[PDB]
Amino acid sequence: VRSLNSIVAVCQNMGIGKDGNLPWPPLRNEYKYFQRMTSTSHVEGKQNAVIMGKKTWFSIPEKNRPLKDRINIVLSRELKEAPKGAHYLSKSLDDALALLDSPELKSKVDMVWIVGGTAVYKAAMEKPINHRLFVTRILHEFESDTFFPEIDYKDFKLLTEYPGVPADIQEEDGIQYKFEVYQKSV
């Protein structure tokens, strides 16, 4: 795989979840941004792949599984088989990337997105491969029990602009947030 993509929404203390879900009530617009980004491939006949950890997979309402129009791969060292509705199950990010390269997929997959949680983002972050990080910064503090790993500001340079990412601070339900994109070039 040529380059990875990661997408996350974080709050002021870099928290990404609490009690198995998101720390804020629903942000319609933020959610549509995540959907659009992860779903949109730029090659007819291909779909994007999404990789996620176990807790994250189970965090999605059962009836909404798997993420429509994307190949859902879950990582777990415990499961023997793919949870009902996941497309594939993998033992490490490595196994995941290797799978992605296999012939069956290679031709079926455009973009690879990492959608968390902590350990997955971390793993993806340390891979010395080209990587773009789509972070949504919610300018408010909510109680969180889970957090986003530390971004190496030395490796990941913040772009000042990116095609199709609103520039200004957004507001919805009285909350302000901003879209950022960081890039690591290998």
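The numbering used is simple: start at 1 and walk along the sequence shown.
* Could you settle it for me: does 103-111 or 75-83 have the higher average Cα B factor in the PDB entry? => 103-111 has the higher mean C-alpha B-factor.
* Asked: What stretch has the higher average Cα B-factor here, 36-44 or 22-30?
  -> Going by the record's values, the stretch with the higher mean is 36-44.
* So among 49, 120, 133, 129, who wins on Cα B-factor in the entry? -> Out of 49, 120, 133, 129, the record gives the largest C-alpha B-factor to 129.
* Lowest, middle or highest third: where is residue 170 by Cα B-factor in its chain? -> Middle third, going by the recorded CA B-factors of the chain.
* To do: Report the third (lowest, middle or highest) to which the CA temperature factor of residue 59 belongs, ranking only the modelled residues of the same chain.
  => Its C-alpha B-factor, which the entry lists for residue 59, ranks in the middle third among residues of this chain.
* To do: Could you look up the Cα B-factor of residue 156 in the entry and say which third of the chain it sits in: lowest, middle or highest?
  => Within its chain, residue 156 is a lowest-third residue by C-alpha B-factor, going by the deposited values.
* Can you tell me which third, lowest, middle or highest, the CA B-factor of residue 4 falls into for its chain? -> Tercile = middle for this residue's CA B-factor.
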